[PDB]
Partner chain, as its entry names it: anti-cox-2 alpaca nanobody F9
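Here you get one chain, nothing else, as structure tokens; it is the form solved without the partner chain.
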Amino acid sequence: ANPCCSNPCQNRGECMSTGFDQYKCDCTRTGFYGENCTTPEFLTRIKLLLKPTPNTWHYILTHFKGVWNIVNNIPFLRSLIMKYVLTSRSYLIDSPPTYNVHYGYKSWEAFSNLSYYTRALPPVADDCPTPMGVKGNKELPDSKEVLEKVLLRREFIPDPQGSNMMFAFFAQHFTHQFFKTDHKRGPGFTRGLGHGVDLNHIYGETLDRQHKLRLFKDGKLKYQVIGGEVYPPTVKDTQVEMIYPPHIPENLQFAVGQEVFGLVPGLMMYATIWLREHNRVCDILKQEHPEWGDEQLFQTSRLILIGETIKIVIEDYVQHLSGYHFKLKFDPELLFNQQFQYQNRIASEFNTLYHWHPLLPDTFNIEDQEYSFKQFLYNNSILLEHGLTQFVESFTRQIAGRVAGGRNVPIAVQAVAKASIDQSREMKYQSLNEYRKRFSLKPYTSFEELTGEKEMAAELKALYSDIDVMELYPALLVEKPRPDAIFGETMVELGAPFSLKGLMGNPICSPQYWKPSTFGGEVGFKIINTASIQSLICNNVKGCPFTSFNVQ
């Protein structure tokens, strides 16, 4: 078998075979040399001594709030820190991208083919003795066993950071513009050829789909009026394809950019909000540009809403789950004097640690009503019944589950959680420890250290036997939560590089785009730089209800 199967190369060295039973490690620019790139250079020895731990950084950013209250009001220093936050995370990601599910080596097929999710780590070779190379048994433990024992939800474990359902459905709505798996090809394939925040979940993946959804007047998208409230148009009125149970009434078959956003009314809520936001920016742009035609009013409104998205995600969405007292900042001009690639390819592993199944409640509580999963699914009549106002007010109050910590996956979606385990195996994922070393983390030495707890850790040791054979996805949902937080170390340290790269690696953040003229002047430019989840609801949702990603 592959002499590279054992995963010998350390510190991001690359293993190439030099015979049937021989390998060589390429230690090019890894700060290490030696057979498996383990002998550190003198400057590397220094850096290794001087960088503190992720757990060290998290403590500082989650404490000393009073001194952060000072830092948050010193522009240069605030800009200085955010500059290091952006830069230091963005060396973890290969750009241009390297591997995918079919190529454990760099190739033009891997690079050029955009139908692929890329890969932070190359897939385990198909001729390897074990599913993880050389370690463990011939076959990995039963997914159903792992699922039931340490993953499935017994009693509801609420998020200590106080995440609500506004946060839950945002994450679902937001990330599904680039998490569009091509099931007809496999789990390692995406239909999101934009590979980032293009808002195709609002406008459409293709130009053909977009023109069906557009009104072709004043740059607006088509809509319908029900009960005096603005909602998306219908599938019959537009003939864009949507995924629905064939028993759904025609007037309830809404048509939006993403074809699956009819799944849950939570997605259709944001889909309605973000649609209203488009036709609001259009009105503002026509207010300043009466000379503009429909085509330019649309394209400009799109770029603005893209910036609005990134703005909200950083200073509202990421701000919340980080639990940082340091107040984040969406500002592309911090990267202009830095080496940064304005491009991004979505990774399979980033879609993997995004399966925040524990974030889903047991019932969906709206106004004075508790809906089961069976009642909520594909039921937009719920949305028409309460309206967006009562929807936001309710979802801002209902709390979401804890992702990390173990045993919090709602049993309604058990099959989906078991699929995440199965698909990651099918895509020949490397072990948890290999992904930790990949992101400069220290390999867990025991299952107990992973959980900071004895019960589940004993369950896991009976299943996997060896800590170096533990799988990535189940480890995330059981990892010892950070203190009073929603995630563990591995979730944040792996997901943060993937996230800030897809956001800042957007063409509108590049110096040639990041300028008032691109967005229709200072008026349109302001819309982006002052964007927030509160004003997004205040502007589009009737009555302007208070909203947040946190419960009061």
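Positions refer to the first chain, counted from 1.
There is also a form deposited with the partner chain bound; it is not shown, and the following applies to it.
- The partner chain is not drawn, but in the deposited bound form it has no heavy atom within 4.5 Å of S394.
- Interface membership of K327, defined by any non-hydrogen atom within 4.5 Å of the partner chain in the deposited bound form, is ruled out.
- Among heavy atoms of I226, none comes within 4.5 Å of the partner chain in the deposited bound form.
- Within 4.5 Å of some heavy atom of the partner chain in the deposited bound form lies at least one heavy atom of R185.
- In short, of 71-79, 401-409, 448-456, 419-427 it is 419-427 that has heavy atoms within 4.5 Å of the partner chain in the deposited bound form.
- Residue in contact with the partner chain in the deposited bound form (any heavy atom within 4.5 Å), chosen from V260, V230, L384, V134: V260.
- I243 is the sole member of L215, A125, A462, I243 with a non-hydrogen atom within 4.5 Å of the partner chain in the deposited bound form.
- By the 4.5 Å heavy atom rule, the three marked residues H176, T181 and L377 all count as contacting the partner chain in the deposited bound form.
- Residues are counted as partner-facing when one of their heavy atoms sits within 4.5 Å of the partner chain in the deposited bound form; in 338-369 these are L360, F364, in sequence order.
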